[PDB]
Amino acid sequence: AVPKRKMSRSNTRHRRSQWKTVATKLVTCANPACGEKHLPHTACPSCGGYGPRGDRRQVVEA
Amino acid sequence: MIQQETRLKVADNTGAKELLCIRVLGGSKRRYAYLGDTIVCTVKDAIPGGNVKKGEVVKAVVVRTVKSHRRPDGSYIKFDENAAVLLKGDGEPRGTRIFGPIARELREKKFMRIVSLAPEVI
Amino acid sequence: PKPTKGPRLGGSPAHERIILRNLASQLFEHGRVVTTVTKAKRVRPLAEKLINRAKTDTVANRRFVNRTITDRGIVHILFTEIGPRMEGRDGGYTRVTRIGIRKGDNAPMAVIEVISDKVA
Amino acid sequence: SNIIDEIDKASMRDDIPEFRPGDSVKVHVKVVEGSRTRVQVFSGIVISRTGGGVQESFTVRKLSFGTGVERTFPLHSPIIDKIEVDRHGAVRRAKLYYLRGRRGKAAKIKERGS
Amino acid sequence: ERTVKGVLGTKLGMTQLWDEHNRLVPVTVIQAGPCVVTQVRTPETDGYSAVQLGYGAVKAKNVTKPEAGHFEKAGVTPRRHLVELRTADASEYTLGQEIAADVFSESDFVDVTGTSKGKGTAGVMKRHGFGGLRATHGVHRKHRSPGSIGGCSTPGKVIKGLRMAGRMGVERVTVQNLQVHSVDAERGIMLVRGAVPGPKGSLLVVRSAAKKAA
RNA sequence: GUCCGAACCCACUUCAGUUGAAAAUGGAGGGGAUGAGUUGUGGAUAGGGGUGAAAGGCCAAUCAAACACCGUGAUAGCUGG
RNA sequence: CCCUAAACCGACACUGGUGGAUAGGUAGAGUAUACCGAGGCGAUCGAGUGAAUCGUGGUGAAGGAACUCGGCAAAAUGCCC
RNA sequence: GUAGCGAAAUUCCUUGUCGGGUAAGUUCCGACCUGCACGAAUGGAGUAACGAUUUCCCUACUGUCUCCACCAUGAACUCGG
RNA sequence: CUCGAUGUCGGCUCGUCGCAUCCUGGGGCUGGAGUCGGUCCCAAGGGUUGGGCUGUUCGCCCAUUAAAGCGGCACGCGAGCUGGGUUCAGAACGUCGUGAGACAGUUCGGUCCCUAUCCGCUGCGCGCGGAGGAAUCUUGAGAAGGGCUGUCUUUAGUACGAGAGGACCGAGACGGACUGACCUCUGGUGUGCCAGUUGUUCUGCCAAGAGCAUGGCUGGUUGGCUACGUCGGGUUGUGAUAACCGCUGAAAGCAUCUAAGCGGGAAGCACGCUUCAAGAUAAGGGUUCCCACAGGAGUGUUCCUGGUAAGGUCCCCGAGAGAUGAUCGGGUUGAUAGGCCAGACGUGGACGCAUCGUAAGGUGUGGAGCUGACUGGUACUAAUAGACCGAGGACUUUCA
Ligand SMILES: [Mg+2]
Ligand SMILES: [Mg+2]
Ligand SMILES: [Mg+2]
Ligand SMILES: [Mg+2]
Ligand SMILES: [Mg+2]
Ligand SMILES: [Mg+2]
Ligand SMILES: [Mg+2]
Ligand SMILES: [Mg+2]
Ligand SMILES: [Mg+2]
Ligand SMILES: [Mg+2]
Ligand SMILES: [Mg+2]
Ligand SMILES: [Mg+2]
Ligand SMILES: [Mg+2]
Ligand SMILES: [Mg+2]
Ligand SMILES: [Mg+2]
Ligand SMILES: [Mg+2]
Ligand SMILES: [Mg+2]
Ligand SMILES: [Mg+2]
Ligand SMILES: [Mg+2]
Ligand SMILES: [Mg+2]
Ligand SMILES: [Mg+2]
Ligand SMILES: [Mg+2]
Ligand SMILES: [Mg+2]
Ligand SMILES: [Mg+2]
Ligand SMILES: [Mg+2]
Ligand SMILES: [Mg+2]
Ligand SMILES: [Mg+2]
Ligand SMILES: [Mg+2]
Ligand SMILES: [Mg+2]
Ligand SMILES: [Mg+2]
Ligand SMILES: [Mg+2]
Ligand SMILES: [Mg+2]
Ligand SMILES: [Mg+2]
Ligand SMILES: [Mg+2]
Ligand SMILES: [Mg+2]
Ligand SMILES: [Mg+2]
Ligand SMILES: [Mg+2]
Ligand SMILES: [Mg+2]
Ligand SMILES: [Mg+2]
Ligand SMILES: [Mg+2]
Ligand SMILES: [Mg+2]
Ligand SMILES: [Mg+2]
Ligand SMILES: [Mg+2]
Ligand SMILES: [Mg+2]
Ligand SMILES: [Mg+2]
Ligand SMILES: [Mg+2]
Ligand SMILES: [Mg+2]
Ligand SMILES: [Mg+2]
Ligand SMILES: [Mg+2]
Ligand SMILES: [Mg+2]
Ligand SMILES: [Mg+2]
Ligand SMILES: [Mg+2]
Ligand SMILES: [Mg+2]
Ligand SMILES: [Mg+2]
Ligand SMILES: [Mg+2]
Ligand SMILES: [Mg+2]
Ligand SMILES: [Mg+2]
Ligand SMILES: [Mg+2]
Ligand SMILES: [Mg+2]
Ligand SMILES: [Mg+2]
Ligand SMILES: [Mg+2]
Ligand SMILES: [Mg+2]
Ligand SMILES: [Mg+2]
Ligand SMILES: [Mg+2]
Ligand SMILES: [Mg+2]
Ligand SMILES: [Mg+2]
Ligand SMILES: [Mg+2]
Ligand SMILES: [Mg+2]
Ligand SMILES: [Mg+2]
Ligand SMILES: [Mg+2]
Ligand SMILES: [Mg+2]
Ligand SMILES: [Mg+2]
Ligand SMILES: [Mg+2]
Ligand SMILES: [Mg+2]
Ligand SMILES: [Mg+2]
Ligand SMILES: [Zn+2]
């Protein structure tokens with residue numbers, strides 16, 4: 001099949017506006033010495049650590 | 001399960017050796033015949049000395065299916081060859097002898113003569 | 001252990017078997033490995049099965065582990081270091097932690113690592 | 001759950017002898033004949049045991065009048081009066097389905113401890 | 001308008017029994033557990049007669065304040081589920097009353113209602129029994145096609161209600177006239193002769209048979 | 001100008017492709033496979049002509065008369081503007 | 001320097017076409033096929049996910065051409081003595 | 001219009017008629033001749049062997065079908081380019 | 001009307017509609033002994049088979065069936081399939097033509113494509129609204145599905161009939177087809193599990209194994225999915241009616257089913273059964289929870305910002321869910337998954353050792369070892385840590 005007619009501006013924009021992305025949320029690193037933003041349930045790219053203020057196990061050597 | 005074009009062997013001594021199911025009696029659109037079901041058959045092969053000729057349309061009752069048969073008590077019965085027994089149009093065998101084992105489902109108040117002539121009812 | 005339900009890694013179940021076995025071998029070789037989320041979570045059960053089998057050291061057990069792995073050096077590592085490291089552990093010999101994503105294809109990445117500290 | 005199993009224990013029996021596929025077995029099956037009832041013996045070879053609690057069932061193959069007849073019995077069925085073991089076979093398979101296409105000397109089973 | 005007895009339970013699975021005619025009967029095992037009357041609906045205040053039953057084990061940290069207040073007014077401990085039974089004898093039910101599987105005897109016919117197992121997006125050949133096309137004889141990439149879906153310039157449209165592919169399963173299904181095999185109330189177990197909708201662990205509503213029996 | 005069967009040559013059936021991987025192919029089978037075989041290099045035949053185990057086939061990816069340029073801004077009671 | 005090609009002929013870094021030479025081991029009659037050697041590659045978007053559906057393979061109770069324009073496709077058969 | 005052949009790759013009527021095959025055969029095969037409109041090098045009638053030719057039958061064999069189910073995959077589907 | 005293209009036969013698939021009804025339901029007249037029939041009405045709820053021949057439609061035939069209805073929808077349906085027929089180029093036969101060629105004569109052979117924009121339709125979400133914000137359970141305006149039928153037994157050899165023959169109205173049992181759910185049973189599957197085994201390469205070798213050859217090939221096989229499987233379903237009924245049968249009864253001193261009125265009367269109509277359903281913007285109802293925040297402008301406060309309550313989402317572990325969204329469960333106050341431990345299922349006797357045999361191998365130790373989904377335990381691993389959204393006494397009017 002082929003598009004019979006050129007789609008109107010209103011309809012094209014109605015469909016196109018739904019092509020979007022949500023913002024990444026980010027969470028503050030539990031390490032007091034780092035305090036950076038990292039993905040939830042993900043090792044902090046700055047400190048390379050994971051876990052609550054206590055645990056704090058190293059995950060990434062960075 | 002016996003359907004149209006299924007070829008069966010004969011447990012009678014009528015001289016017929018092989019039947020071809022032309023129809024399964026019991027209602028329209030019915031697919032299969034099981035132990036104790038009546039079918040319309042044609043005689044594909046018969047003994048030269050006998051009272052049944054090849055190409056004759058007869059009625060038979062199915063005994064000794066290969067597929068399986070469930071029973072209300074949860075057991076199953078299974079044979080190794082699809083067999084059938086010809087009838088005289090009134091529920092009685094055409095032959096005077098029955099060959100091989102016969103299913104118990106024939107003794108559901110219906111085929112008393114066949115069960116009586118059965119060498120073994122399993 | 002349990003099969004993978006969905007489509008297999010590497011475009012073929014045979015290749016998935018190879019991938020999981022090699023990935024477990026590399027995990028045992030290096031202690032830790034960064035191997036994306038799905039591969040790590042799929043290799044965890046096999047790796048823990050192997051470690052549990054290696055927790056008790058017999059010749060028959062070593063041959064059974066060598067059925068997998070197939071690098072006797074890694075078998076020696078598993079039966080000498082990793083095995084005795086988990087004398088008191090009742091399972092859970094490995095852990096998986098997410099790292100981020102790959103820039104090239106947005107693969108969610110994670111590191112799976114054998115437990116290092118002694119339970120006692 | 002184990003609730004299913006404890007319910008099944010009410011239906012399971014205890015007088016089942018120990019046997020394997022490959023063993024010769026006589027099953028004393030109860031047959032209803034109108035007002036009458038009878039005990040008919042089905043003698044044959046156990047070719048399969050599909051296990052599991054009260055769902056356990058076993059298949060017996062008999063050679064009668066040049067035709068093979070296979071009967072599948074739930075091991076805890078109340079229609080079975082009892083089970084007798086004649087021979088203990090020496091087989092290598094859990095399911096003896098190959099015996100379906102074998103007759104004569106090729107269809108006979110070695111005895112246990114031979 | 002009809003007087004219905006009812007109880008709530010969980011599908012534990014199936015097994016098999018032998019009845020007194022030595023017949024093998026498939027039985028579904030329903031943990032027809034204790035249900036409590038959380039709320040009674042009357043024509044004066046609600047406009048119809050029905051009894052709301054509870055049933056279910058719930059964690060104290062997973063019950064919210066509105067639910068906790070509802071159960072506190074009912075005077076009972078919180079339950080996970082809440083299902084109503086449209087009965088014309090709702091009045092005879094007092095708030096917080098105890099209901100157990102022994103509400104059904106050894107040979108009552110019942111109707112069992114549950115949500116069927118899901119199948120995802122199913123094809124026409126599966127969710128409607130469509131006979132597709134042949135496997136050979138030149139069939140061109142349409143072996144499981146739905147065939148035609150209408151006529152021509154008249155009506156130049158697809159009629160409403162045509163059966164096509166879609167998501168099948170996860171829906172309210174009531175299976176009727178199942179004869180209860182046994183009830184053991186001291187542990188809340190019901191053995192019902194038949195197969196009931198839903199996966200193991202689903203919620204089931206067991207009501208008196210609407211059509212009484214066969 | 002035997003037989004079976006790879007390479008090689010072919011193109012019978014089927015499926016896929018059919019804005020293709022490909023302006024004719026791919027997968028699975030299939031015919032010939034010491035012969036009227038197949039193939040490399042160079043050469044010869046040219047447009048009312050060539051060549052053709054002959055289908056109007058082929059003659060530089062559309063041949064009941066190639067292509068290019070010229071007569072030429074051919075002509076068209078026809079269609080469009 | 002490429003050269004049974006990503007460098008040539010195909011508009012492409014194109015599942016096509018392209019003449020010749022060398023061409024080991026085991027199973028095998030074999031240059032078929034399977035796994036390997038000398039040697040060379042991992043293929044030029046990926047990561048996931050049990051949707052329908054299409055393509056490509058696999059298996060199947062009982063029946064066995066009732067399919068269909070037609071046994072189309074598939075299955076069976078298959079080698080040596 | 002002879003030999004020979006004929007409802008034929010030719011027969012309109014036509015599913016001619018009879019016979020065989022099938023439980024049922026507008027096709028088939030053997031006959032009849034009433035050859036619309038066979039016929040003797042545009043050859044007549046036959047013919048072992050040969051045929052990816054056309055047609056009918058038997059057997060074996062099977063997802064062709066009764067009646068589909070399930071498995072794995074390249075697309076489809078979600079995310080990044 | 002369409003030639004700057006409206007693809008032309010039959011089958012397949014999917015239906016939908018009409019009734020000029022094939023079956024099943026009801027009724028008149030005949031009748032007709034009964035049994036059956038045939039005919040004029042009602043009635044479209046459901047059902048209406050499989051094959052042989054032919055490209056066929058048609059038609060004939062075989063075997064059934066309660067019956068094998070007739071028609072419309074571009075002679076429904078080729079951006080759904082089929083290409084056998086038709087209607088291209090090849091060739092042959094007959095006939096016609098001097099010939100090139102022709103033939104609603106025949107014969108063999110013979111290319112199509114389309115990633116769906118709009119409406120339509122099957123599903124599934126996001127948003128906003130439902131005059132505060134929420135959580136749960138609901139009413140049903142309205143919508144959809146479902147509606148088939150046989151045989152036998154009994155009434156009863158009763159009624160009827162000269163006999164032979166053989167009922168109505170009821171009662172019971174067992175089926176076919178269709179269909180919903182489902183996996184306990186049976187069957188199938190099986191890229192997991194166990195086992196055997198061929199070729200070959202490899203782990204130095206023995207021993208024990210690994211890769212590849214379709215999972216190399218075979219024998220099995222739990223879970224899941226499924227039908228060929230097992231459970232259930234159609235109904236028992238209610239109301240108003242069709243044809244029709246009536247009661248009372250005139251106009252018309254009688255009569256008349258009708259003019260006043262009342263009653264019977266079908267699988268059809270509407271309910272009964274099942275399912276969806278308040279976007280039913282008419283946005284419903286019950287029960288429960290949270291609460292009169294803060295700061296600005298302001299012009300009756302208005303309205304815009306900001307932090308919250310009840311509550312919810314994101315994120316993570318999952319499956320009873322699933323294309324993705326969604327749905328449901330769990331998230332340390334925790335059994336959600338994996339692992340671990342035990343069991344069951346499955347396979348069928350591991351390695352090692354002993355012993356027997358020249359050897360391939362046999363026996364024992366030992367229902368061994370291995371082992372997924374199923375079951376029960378167990379925080380060992382991961383469900384860290386956190387953010388974000390979300391009312392304000394909630395517009396106005398009148399009542400009480
Ligand atoms: Mg729009
Ligand atoms: Mg699976
Ligand atoms: Mg991929
Ligand atoms: Mg492989
Ligand atoms: Mg077992
Ligand atoms: Mg099909
Ligand atoms: Mg195909
Ligand atoms: Mg329109
Ligand atoms: Mg030759
Ligand atoms: Mg070449
Ligand atoms: Mg060709
Ligand atoms: Mg094609
Ligand atoms: Mg040849
Ligand atoms: Mg030259
Ligand atoms: Mg020509
Ligand atoms: Mg050319
Ligand atoms: Mg010219
Ligand atoms: Mg001029
Ligand atoms: Mg001009
Ligand atoms: Mg014009
Ligand atoms: Mg080279
Ligand atoms: Mg190339
Ligand atoms: Mg180039
Ligand atoms: Mg050799
Ligand atoms: Mg090769
Ligand atoms: Mg090398
Ligand atoms: Mg190279
Ligand atoms: Mg490239
Ligand atoms: Mg997916
Ligand atoms: Mg196959
Ligand atoms: Mg198998
Ligand atoms: Mg099969
Ligand atoms: Mg078979
Ligand atoms: Mg056969
Ligand atoms: Mg046919
Ligand atoms: Mg047909
Ligand atoms: Mg073929
Ligand atoms: Mg083949
Ligand atoms: Mg003829
Ligand atoms: Mg003709
Ligand atoms: Mg004839
Ligand atoms: Mg002459
Ligand atoms: Mg001549
Ligand atoms: Mg001539
Ligand atoms: Mg000639
Ligand atoms: Mg000749
Ligand atoms: Mg000849
Ligand atoms: Mg040829
Ligand atoms: Mg045949
Ligand atoms: Mg893909
Ligand atoms: Mg993309
Ligand atoms: Mg146009
Ligand atoms: Mg009418
Ligand atoms: Mg109809
Ligand atoms: Mg109607
Ligand atoms: Mg006709
Ligand atoms: Mg119609
Ligand atoms: Mg048409
Ligand atoms: Mg169309
Ligand atoms: Mg054609
Ligand atoms: Mg055509
Ligand atoms: Mg001739
Ligand atoms: Mg002439
Ligand atoms: Mg043709
Ligand atoms: Mg499409
Ligand atoms: Mg309603
Ligand atoms: Mg509406
Ligand atoms: Mg199970
Ligand atoms: Mg099985
Ligand atoms: Mg290798
Ligand atoms: Mg093979
Ligand atoms: Mg299973
Ligand atoms: Mg009167
Ligand atoms: Mg009157
Ligand atoms: Mg041993
Ligand atoms: Zn940090």
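Chain naming here is simple, since letters A, B, ... match the order of the sequence lines and numbering starts at 1 in each.
Counting non-hydrogen atoms under 4.0 angstrom, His38(A) reaches a base of the nucleic acid. If you check every strand for non-hydrogen atoms under 4.0 Å, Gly53(D) touches nothing. Backbone-only contact: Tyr97(D) has heavy atoms under 4.0 Å from sugar-phosphate atoms and none from a base. Counting non-hydrogen atoms under 4.0 angstrom, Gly194(E) reaches the backbone sugars and phosphates but no base.
Here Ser57(D) reaches the OP1 or OP2 of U186(I): one of its side-chain N or O atoms lies under 4.0 Å away. Side-chain N/O atoms of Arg93(D) include none lying less than 4.0 angstrom from OP1 or OP2 on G219(I). Residue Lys61(E) places at least one side-chain N or O closer than 4.0 Å to OP1 or OP2 of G331(I). Proximity of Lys117(E) to the phosphate of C183(I): a side-chain N or O atom is located under 4.0 Å from OP1 or OP2. OP1 or OP2 of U49(G) lies within a sub-4.0 Å distance of a side-chain N or O belonging to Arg42(C). Put simply, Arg167(E) has no side-chain N or O that comes within less than 4.0 Å of OP1 or OP2 on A51(G). Remark: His140(E) is in phosphate contact with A16(F), judged by side-chain N or O atoms under 4.0 Å from OP1 or OP2. For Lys78(B), no side-chain nitrogen or oxygen approaches OP1 or OP2 of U186(I) to under 4.0 Å. Between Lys39(C) and the phosphate of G48(G), there is a side-chain N or O to OP1/OP2 separation shorter than 4.0 Å. The shortest distance between the side-chain N/O atoms of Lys211(E) and the OP1/OP2 oxygens of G234(I) is below 4.0 Å.
Judged by distance alone, with hydrogens and angles left aside, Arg63(C) brings no side-chain donor or acceptor close enough to the base of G209(I) to form a pair under 3.5 Å.
Using the sign of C1'-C2'-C3'-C4' as the criterion, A267(I) is classed as a north pucker.
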Expected rows: protein N/O vs nucleotides 71-75 of chain G N/O, under 3.5 Å:
unit_1 : atom_1 : unit_2    : atom_2 : d
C72(G) : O2     : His137(E) : N      : 2.8
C72(G) : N3     : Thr136(E) : OG1    : 3.2
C72(G) : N3     : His137(E) : NE2    : 3.4

All N/O contacts under 3.5 Å from nucleotides 283-292 of chain I to the protein, with atom names and distances to one decimal?
unit_1  : atom_1 : unit_2   : atom_2 : d
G285(I) : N2     : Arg41(E) : NH2    : 3.3
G286(I) : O4'    : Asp46(E) : OD1    : 3.1
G286(I) : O2'    : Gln39(E) : NE2    : 3.1
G286(I) : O2'    : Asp46(E) : OD1    : 2.5
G286(I) : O2'    : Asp46(E) : OD2    : 3.4
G286(I) : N2     : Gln39(E) : OE1    : 3.2
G286(I) : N2     : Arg41(E) : NH1    : 3.4
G286(I) : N2     : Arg41(E) : NH2    : 3.4
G286(I) : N3     : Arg41(E) : NH1    : 2.7
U287(I) : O4'    : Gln39(E) : NE2    : 3.3
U287(I) : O3'    : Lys73(E) : NZ     : 2.9
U287(I) : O2'    : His70(E) : ND1    : 2.8
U288(I) : OP1    : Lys73(E) : NZ     : 2.7
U288(I) : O2'    : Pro66(E) : O      : 2.5
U288(I) : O2'    : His70(E) : N      : 3.4

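A stacking criterion of 5.5 Å and 30° is met by the six-membered base rings of adjacent nucleotides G57(G) and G58(G).
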- Item | Dot-bracket encoding of pairs in RNA chain F, which uses [ ] for pseudoknotted crossings and | for another strand, Watson-Crick or G-U under 3.5 angstrom | .......(((.(((((........))))))))..............(.(((.....)))...)..................
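Distance check on atom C1': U191(I) versus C70(H) gives 13 Å, rounded to whole Å.
Taking atom CD of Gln55(D) as the reference point, atom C1' of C183(I) lies 11 Å away to the nearest angstrom.
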